[PDB]
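Asks: as they sit in the full assembly, here are the leading chains:
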Amino acid sequence: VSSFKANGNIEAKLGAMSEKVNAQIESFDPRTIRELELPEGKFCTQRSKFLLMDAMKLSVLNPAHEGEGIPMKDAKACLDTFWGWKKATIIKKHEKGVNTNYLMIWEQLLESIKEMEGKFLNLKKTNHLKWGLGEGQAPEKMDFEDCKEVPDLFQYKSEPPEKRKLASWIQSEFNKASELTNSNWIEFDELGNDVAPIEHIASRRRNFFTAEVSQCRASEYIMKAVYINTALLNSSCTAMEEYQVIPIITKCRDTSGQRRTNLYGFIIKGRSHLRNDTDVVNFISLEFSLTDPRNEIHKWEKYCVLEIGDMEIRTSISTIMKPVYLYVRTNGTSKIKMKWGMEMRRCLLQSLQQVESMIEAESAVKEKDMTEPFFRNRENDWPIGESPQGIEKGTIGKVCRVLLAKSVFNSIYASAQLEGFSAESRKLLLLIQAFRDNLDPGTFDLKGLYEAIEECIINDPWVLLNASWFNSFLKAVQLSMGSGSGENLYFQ
Amino acid sequence: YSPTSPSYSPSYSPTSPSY
């Protein structure tokens, strides 16, 4: 090494090495390339920790602030507004579960709420409740020597996940997440006073952002996530051995002005001796709904839907009687998942900085604040959806809510599948963008990239829909371009 | 600022039913 001197050593072995070892640039054209294949199987089922569009609220007019008053007192206050309960009946069976336990759990809960005298409610460890919360379902830990000789002792099931097909409900769920509501779901804490002129500008723009984000349906889902995961985390830590009851509460302020407390249902925390950050707390989630589960039975694979009452619902025309369903299911979560659920408000930041960078980018060109023109006028609009008529556009407020929904759904349906899909499909998007900028993009192994993407589309409802969204996007880019040597790179 | 969308639900809300 001390006496080595170069003498065409690289060029020599470059000559020796096979010409199979090469990186052939195959020119990339988005008109040539295929759609991503989505897997086959049974349909993908809802896997959120709470109902989204299918939820239903009992509520009271109440001046109490976002986290004020005792949760179970507010729960009992919300129950007292509703009458016309019934003897519960199973209207849709959880195929893998003992469904009489789900019925007995509801009846035990409802009677224990009636009998409670205090701030918290711990349920008695009944046989039906013990089953629902997975009592004693961990195999007992022995030394290997003692159990070495057992026939069916194998290693834990370590297979890839079972593939599932893209159901229509996830697109439907996302549509509702992007909508406005009649209620301000998020309350913001105080700032210091605005002194700087840019601080006054900020706060003017913040006025637009706040109303748009707070009244969006996705923000209701944020506040449900933030409440549930906070309650489950705190109770998991303090009340480890108790089956503690956690009512599903949010609080909001109408656009009319009145403050309101809402009750979606209840959660029964199982035992929660959570050592590792992946360790599971089992819980039962009993949630109100008007949605008939039989219209999409595939959506509710894990749920046992009871029918618990009848509600007289008022409208502009006349009153309607509708049945009240209680979507019961066993479910689970961890310290890491709970922690991230408690921090779901950061979704607001992901949407709004993208929105604000869009507003600011135009403001640089126009050399004035384009905040008010964007929210008040409907001149500047971006493609955000497809109908049978075609590619529909929307205002900056719509984009804010759609991007917010995306970030909330990334949070609710987090997975390794989403991670891998998002990172690999980002390369394919940039290649399409490179072509659209007239920069002559080239791949080396395009098949391998496609496989790296498609490998991650296994079973998750949210990643299946995002894969579908890419295909819809690809087709939209193809039709705008069309055939030609000098085609239509500009959209519309 | 009141945000508004071009969309409706003529009869009732299944999430916030008037009862």
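Replies: Now that the structure is in, tell me what you want to look at. Numbers count the residues shown, from 1 in each chain, chains lettered A, B, ... in the order given.

Asks: centre of the chain to the helix or strand encompassing residue A:230, how far?
Replies: Using DSSP states H and E, residue A:230 sits within helix A:217-238. On the basis of Cα atoms, centre = their mean, to the nearest Å, helix A:217-238 sits 14 Å off its chain's mean C-alpha point.

Asks: that helix packs against which elements?
Replies: helix A:169-177, strand A:243-254, strand A:259-269, strand A:280-289, helix A:335-342, helix A:346-366, helix A:396-412 (3 or more Cβ pairs under 8 Å, 6 or more residues apart in numbering or on different chains; DSSP states H and E). Every residue, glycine included, has its C-beta placed from N, CA and C.

Asks: how about stretch A:384-404: buried residues?
Replies: Neighbour counts over stretch A:384-404 (16 or more other Cβ atoms under 10 Å in any protein chain shown) mark A:384, A:394, A:395, A:396, A:397, A:398, A:399, A:400, A:401, A:402, A:403, A:404 as buried.

Asks: endpoints of that stretch, how far apart?
Replies: 13 Å (Cα to Cα, to the nearest Å).

Asks: grab the nearest non-local neighbour of residue A:147.
Replies: Using Cβ to Cβ, 6 or more residues apart in numbering or on different chains and skipping the chain neighbours, the partner closest in space to residue A:147 is residue A:153 (6.3 Å).

Asks: ok, now residue A:471?
Replies: Spatially, and ignoring its direct neighbours in sequence, residue A:471 is nearest to residue A:35 (4.3 Å; Cβ to Cβ, 6+ apart).

Asks: the one you found: neighbouring residues, count only.
Replies: As a burial measure, residue A:35 scores 13 neighbours (other Cβ atoms under 10 Å in any protein chain shown).

Asks: who's in contact with it?
Replies: By Cβ atoms under 8 Å, 6 or more residues apart in numbering or on different chains, the contact set of residue A:35 is A:471, A:474, A:475.

Asks: got a quick PyMOL command for the buried subset of these?
Replies: A single PyMOL command is used to select the members of the contacts of residue A:35 judged buried by 16+ other Cβ under 10 Å:
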select buried, chain A and resi 474
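
Asks: for chain B, see how far away residue A:261 is.
Replies: For residue A:261, the distance to chain B (Cβ to the nearest Cβ, to the nearest Å) stands at 13 Å.

Asks: nearest spatial neighbour of that residue, skipping sequence neighbours?
Replies: Nearest to residue A:261 is residue A:62, by Cβ to Cβ, 6+ apart, at 4.6 Å.

Asks: then chain C, please:
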Amino acid sequence: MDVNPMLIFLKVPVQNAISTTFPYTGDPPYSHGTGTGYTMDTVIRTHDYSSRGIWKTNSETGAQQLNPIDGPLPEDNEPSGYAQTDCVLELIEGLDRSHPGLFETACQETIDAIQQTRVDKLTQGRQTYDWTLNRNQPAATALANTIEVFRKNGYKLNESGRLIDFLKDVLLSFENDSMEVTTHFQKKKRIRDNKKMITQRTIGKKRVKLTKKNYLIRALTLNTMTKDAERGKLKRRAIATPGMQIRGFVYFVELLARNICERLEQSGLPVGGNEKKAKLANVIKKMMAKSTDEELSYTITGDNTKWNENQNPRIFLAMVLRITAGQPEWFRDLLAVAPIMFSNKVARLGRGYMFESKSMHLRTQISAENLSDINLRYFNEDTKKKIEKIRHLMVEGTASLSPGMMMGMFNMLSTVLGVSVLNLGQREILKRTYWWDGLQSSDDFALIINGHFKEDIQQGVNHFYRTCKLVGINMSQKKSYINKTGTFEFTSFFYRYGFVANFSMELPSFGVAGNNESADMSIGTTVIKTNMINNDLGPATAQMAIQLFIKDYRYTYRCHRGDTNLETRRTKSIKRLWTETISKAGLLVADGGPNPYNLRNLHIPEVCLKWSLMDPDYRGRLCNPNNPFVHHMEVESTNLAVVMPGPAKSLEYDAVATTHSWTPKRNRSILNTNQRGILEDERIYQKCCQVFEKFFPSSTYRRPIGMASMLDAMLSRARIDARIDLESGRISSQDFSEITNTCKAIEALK
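Replies: Take a look at chain C, now in place beside the chains above:
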């Protein structure tokens, strides 16, 4: 209407709406259970890329070591580690030519460090594999254990305090064929209690001597585990942890490579984000200025596949020796140690596996050491096959791993190999129709190729690609791509005729850091501030990020405002503070006070910002220097937190020390284990260090230096300070005698 967020990309360019493709508001992937499946995968995959090489059984360890280098040149595009020694040395020489005096200065700076560096320097670092206990321990703890066992045997050169002597002791300790270690074990005694006799678990320690293989294997062993919380990937992978022996040698080798990379424009390491971007901007500026108007320009957005698995320890020995040419042979052989140990490294196989019987309803844990002597009826088909391959490499409960590398082992020298390939692409070396330049940090690279025609680029790519293959660097064909110079990607920085923002990358850092009330308020506001500067966080969103941080901070620390109607464990005591306080605006948020922060405030610490508005008694209590909540640590560790983005660097924050600068309770799971006694060792060590600081206040700022005893130093100071207190000051004559009699009494007890 079906809503589709990705249709925004029709009008908005992908780089301009790149935040919508980063799902970083959800919990990232975590491994459950063991990483034995992954460690075996890595070991098996690493050997498959080198499979046409030469096997030889090691004289000392008896481990089966695969040597791929100077082997058959690859005949396909699959990942290969058949690096050619002569081709590596040509590239490293080419680097020396292009930067005359770089190797000279880098070596000389490393030599100056070797002479000055103390053994203390190895206390600063992350978790390290402790051969003493066959587990991971903190850096300082694994050091003290390794020094203690060295001192119990015939190895006390490190007594001096300089690090190079500790490194000699490590090389001298391989000669021992009976290395003694004290392993701990549990005993079940019985003792009477008034009138029933209860069982009592106690912990004794048993002296065990090791074989010459046993110690040698353990010193070359590197621990393994699954990497958690990693974004952008479907499947988990294994990470590695170096041992105490190799650690000190790695420090100096990386320190050389650092000094090399510090003066290389083409290196992305070790500089920060903005400087990395400036470096990429310079090479684009440099490539356009040097080229002519007739020429083309393409940029490869580049990933190297199987980076660590195909970088070879024997090749690193070639680099280290060539970089140190003409320097003293002691210095060359010292830096050559780490590559040698890496070439003869062995990998621990982790926790093992868990088995499950459905009918009997039982579970059990087998160790990874049992994977040799165990029936394969238990395991599934893929797992079985891996155990069958791993048995051919298994040596005393650890799989041998001569070729390749693993994540967490080694840092900057691998980038110098990549940079030497980038340096080859100068016009004056190639002398043909194409030429290149770029930037590289580890596996990630951005290559800019210029030529006169499109086919010149294709020849330049193949020339770069095959030259990389000649030194065991494998460009990913599936993950990399090429386009005309104008856009590219690099470590998730996106260029579009200039760098654009990637705010969503930073979303996990928006939240309560969880250090304490004082530190988090400072960390939170600074995160908002730095993102306004570096990642285009607009003013309105930044205001809302303050608003949402205060919410998160108020709930997490249960420190809601004093005029709230909430009820927690803290509301009542904060309400009492609220009512008694005259100027409410002076109260910190942690004391139920209002948020003072807007955009302009973010760089001012909270206590500093509220100081003039505080009640004097509250301010006097808040910042009381004799308060029991603060842990008076060293100056080097004052106002530091730990953060991950790289590996895991420290985050310095600006904060006034108050009662809110507290520390949360320690983990207590060690109480149940055989290492329970480590807590008392620590308790005794801290009491000894606490008393030393009363005689040597300076020790908390600058670490003291001496081969003398702690007691003899404290004794010497007790006499001379008492001398000056009487000879000119406020102390009586009877007190001087009382102190010197105690020093005589202490000297009498050895």
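
Asks: re-run the earlier check on the buried residues of stretch A:384-404 with chain C in the model.
Replies: A:384-386, A:391-404.

Asks: leaving out sequence neighbours, find the closest residue to the residue in the stretch 601-750 of chain C positioned nearest to chain A.
Replies: Relative to chain A, the nearest point of the stretch 601-750 of chain C is residue C:601 (5.8 Å; Cβ to the nearest Cβ). Distance criterion Cβ to Cβ, 6+ apart; nearest residue to residue C:601, sequence neighbours excluded, is residue A:192 at 5.8 Å.

Asks: quick one, helices of chain B?
Replies: Ranges of helices within chain B: none, based on DSSP state H.

Asks: which ones are touching residue C:717?
Replies: Residue C:717 touches C:695, C:696, counting by Cβ under 8 Å, 6+ apart.

Asks: burial measure for residue C:85, as a count.
Replies: So residue C:85, with other Cβ under 10 Å, has 18 neighbours.

Asks: same check on residue A:316?
Replies: Neighbourhood size, residue A:316 [other Cβ under 10 Å]: 8.

Asks: what does chain A put close to chain B?
Replies: Residues of chain A lying close to chain B (Cβ under 8 Å from any Cβ of the partner chain) are A:53-59, A:81-82, A:179-180, A:182-183, A:207-208, A:211-212, A:215, A:255, A:289-291, A:311-317, A:320, A:322, A:375, A:397-398.

Asks: where's residue C:515 relative to chain B, distance?
Replies: Using Cβ to the nearest Cβ, residue C:515 is found at 38 Å from chain B.

Asks: Three-state assignment for residue 19, please.
Replies: No chain specified, so I'll use chain A. coil (DSSP: H, G, I helix; E, B strand; the rest coil).

Asks: likewise for residue C:740?
Replies: Under three-state DSSP, residue C:740 falls in the helix class.

Asks: hmm, residue C:722 and it touching each other?
Replies: Yes: contact between residue C:740 and residue C:722 holds when scored by Cβ atoms under 8 Å: they sit 6.9 Å apart.

Asks: looking at these two, which is more packed in?
Replies: residue C:722 (20 against 14).

Asks: what secondary structure does residue C:334 sit in?
Replies: For residue C:334, the assignment made with three-state DSSP gives helix.

Asks: show the contacting residues for residue C:291.
Replies: Residues near residue C:291 by Cβ under 8 Å, 6+ apart: C:297, C:450.

Asks: correction: the previous question concerned residue C:434.
Replies: By Cβ under 8 Å, 6+ apart, residue C:434 lies in contact with C:449, C:450, C:451, C:456, C:457, C:459, C:460, C:463.

Asks: let's put chain D on the structure above:
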Amino acid sequence: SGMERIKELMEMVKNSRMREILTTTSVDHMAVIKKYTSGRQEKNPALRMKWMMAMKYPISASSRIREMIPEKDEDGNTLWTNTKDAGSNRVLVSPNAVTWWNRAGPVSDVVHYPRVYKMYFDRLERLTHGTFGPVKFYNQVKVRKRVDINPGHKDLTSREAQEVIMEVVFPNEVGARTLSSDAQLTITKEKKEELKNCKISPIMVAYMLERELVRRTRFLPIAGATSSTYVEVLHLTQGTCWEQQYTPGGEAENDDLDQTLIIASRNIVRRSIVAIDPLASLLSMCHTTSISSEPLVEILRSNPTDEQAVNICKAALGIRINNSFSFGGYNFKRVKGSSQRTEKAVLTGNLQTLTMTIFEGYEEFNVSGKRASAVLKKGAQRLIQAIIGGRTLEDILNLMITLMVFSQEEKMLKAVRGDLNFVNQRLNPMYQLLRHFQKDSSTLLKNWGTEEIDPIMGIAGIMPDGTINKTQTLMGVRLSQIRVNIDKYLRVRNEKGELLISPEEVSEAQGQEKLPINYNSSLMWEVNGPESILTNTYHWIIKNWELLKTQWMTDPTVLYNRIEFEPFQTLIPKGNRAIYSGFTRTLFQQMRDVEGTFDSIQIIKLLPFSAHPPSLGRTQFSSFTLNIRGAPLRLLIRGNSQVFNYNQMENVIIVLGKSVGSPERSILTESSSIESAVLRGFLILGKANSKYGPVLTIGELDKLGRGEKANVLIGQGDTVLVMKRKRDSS
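Replies: Okay, chain D now, added to the rest:
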């Protein structure tokens, strides 16, 4: 007292465990055992804190908390427990303990804490006394640069600052080293006096001084002012599309003010040259311009900076140019040339490396002091000529020695014997060489060298010995016994009418300002710097495109001479402006003459290059050069580049990374196979057809006859078929 410390050490030595550790472990080894711990560094602190803050007793605290605060408070909350924290004598504690302390705990004196935490309170002092201006909206170009992040740092090394800190808080334990510099001594006196009798941890005082004193830097993207106090507030002053004007509290340093004054004047002079009436334009800008909110004219009245652009501004306002200085007791007065600064280290005869602020370029001084005067001619480390006269031979020789040292020759540096040390105010390194040679100049004159001269009446030479010789003399030396005026075109001259300062000879090195400059001028664009000039000029063409397109068709000579193109012209090289205008206008009239071929983008791209009297030359251009922040950039004639990029996907012209505006959607569907306005007297037709012969370079186009077709390497790897048109354009 020091009584209880030795008493406790005896009590510790009584314990047989602690006496073993205290005796066995050395002082160097104590640093290792201090960090010995079971405790891992927490991987997920955000999760753990959320987990632990649900617990009753999550905080660890000193056992002495049990003696200070009560076990239970007024509402029955348990404040502390007796459970020891794993691995120490600290006890587990509720957050209610921290609250009880802050409301009912022992009060202490902390009034001088703002002196300990001075680095923090200085930030508030600058903000509290800061002044906000208006917010302008525009594309803010940000250069990634290394900049100071620690304002008010008293600049020392880490080791120098360590000695100062030791002296203040640990005075008894200072090592072998001592306070070397007078900076170190004066800082220590101030720190000792400010921090006296301040009850606070010395650990914290040591920490805050380490952060305050030592200079720290970071790579940040900065638009505008780069000085410490402006870097402090980047989050507040700049965003993606806005500039919040803001002056921090306190006064700007003279260093920052002199640097930014030079940049302001240079930019003002570069702008004025390309206008019709430079002196009126320069004067217009001088009265409107301000630096750090202070008007530019009162700065020029009080600031003594000597620089060519500043002196042209001083001369236009009738202010005395700082033309003079003193050295060795002689008044030097420059009558020709200019001083260009370059600090570099050079070796003496004693091998001593010393950093000299060496001057370069040809200069002329009329020197005059006590009893003798001279006329010096100097170059870079050169005594070209010195004609000296005086009342005495010693007075002449004393002046001669001063000039020989003032020349900075390699002769006199190599002739130094021994080390250079003089005084306790130490003087700058020019006086170290002077005072050395004033005492003894035996080797200086021997090593200087002699030259032969022609015997002129009145002149005589001076030999190394001291004799007057007629035909021999020391190299350069000969012995023998101011109003200004500025014309319309900014040329500064003397009473005789000789050139003193030229606008053409002003330094073209830009550099980024340390303090903010606001030219409140219609002659200048809204934002400072050259990237702004490109973006605003191309934005302006797109905004007023409908007006300027018809003005292009009908009366182009009024379009080309628009005043809005004048800033753009400063970025073009002086020599290139005419031929570029010649090329552009020829290319534009080809587009008019060859009917059918019309490219809106190509007009917009090249339009700013028209604004100059055009040359009749026939050179070809594949690009125009533009000087942007020192480096040359090349705007290509055919297609996109870094400087000009029409993006079809966005329908936007991108100028140096920033969108400059969308042109009309008409221009997307606007093309023809034939491309005029690329080559002078030629027409690009379509793809390269090999029937018309092998490829020719652009320099080889003169070979082709009238109407002959050929293939050409036009640019960017494209090969293209081109025909020479018969009749040429206007």
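
Asks: back to the neighbour count of residue A:316, now that we've got chain D?
Replies: If you count neighbours by other Cβ under 10 Å, residue A:316 ends up with 8.

Asks: and residue C:337, by the same measure?
Replies: 21.

Asks: before we move on, what about residue C:233?
Replies: By the other Cβ under 10 Å criterion, the neighbourhood of residue C:233 contains 16 residues.

Asks: so it makes contact with residue A:420?
Replies: Yes: using Cβ under 8 Å, residue C:233 makes contact with residue A:420 at a distance of 5.6 Å.

Asks: do the helix holding residue A:230 and chain C meet?
Replies: Yes: applying Cβ under 8 Å from any Cβ, one finds helix A:217-238 touching chain C at residue A:230.

Asks: okay, buried residues for that helix please.
Replies: Buried residues in helix A:217-238 (16+ other Cβ under 10 Å): A:217-237.

Asks: would you mind writing the CA trace of it as CSV?
Replies: Extracted in CSV, the C-alpha atoms of helix A:217-238 (Å, rounded to 0.1, in the frame of the first residue of the first chain):
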residue,chain,number,x,y,z
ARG,A,217,-65.2,17.1,10.0
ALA,A,218,-61.6,15.8,10.2
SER,A,219,-61.1,18.0,13.3
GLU,A,220,-63.9,16.3,15.1
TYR,A,221,-62.0,13.0,14.4
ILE,A,222,-58.8,14.7,15.8
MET,A,223,-60.6,15.6,19.1
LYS,A,224,-62.1,12.1,19.4
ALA,A,225,-58.6,10.7,18.9
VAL,A,226,-57.0,13.2,21.3
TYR,A,227,-59.6,12.5,24.0
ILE,A,228,-59.7,8.7,23.7
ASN,A,229,-56.0,8.1,23.6
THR,A,230,-55.4,10.6,26.5
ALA,A,231,-58.0,8.9,28.6
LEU,A,232,-56.8,5.4,27.8
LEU,A,233,-53.1,6.4,28.4
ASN,A,234,-53.7,8.0,31.8
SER,A,235,-56.1,5.2,33.0
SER,A,236,-53.7,2.5,31.6
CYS,A,237,-51.0,4.0,33.8
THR,A,238,-53.0,4.6,37.1
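
Asks: now the angle from it to strand A:243-254?
Replies: Note on geometry: by axes from the mean of the first three to the mean of the last three Cα atoms, to 10 degrees, helix A:217-238 and strand A:243-254 are set 150 degrees apart in direction.

Asks: okay, domains of chain A per the record?
Replies: What the record gives for chain A is the domain set A:24-43+A:160-215+A:343-492, A:44-137+A:216-342, from curated CATH domains.
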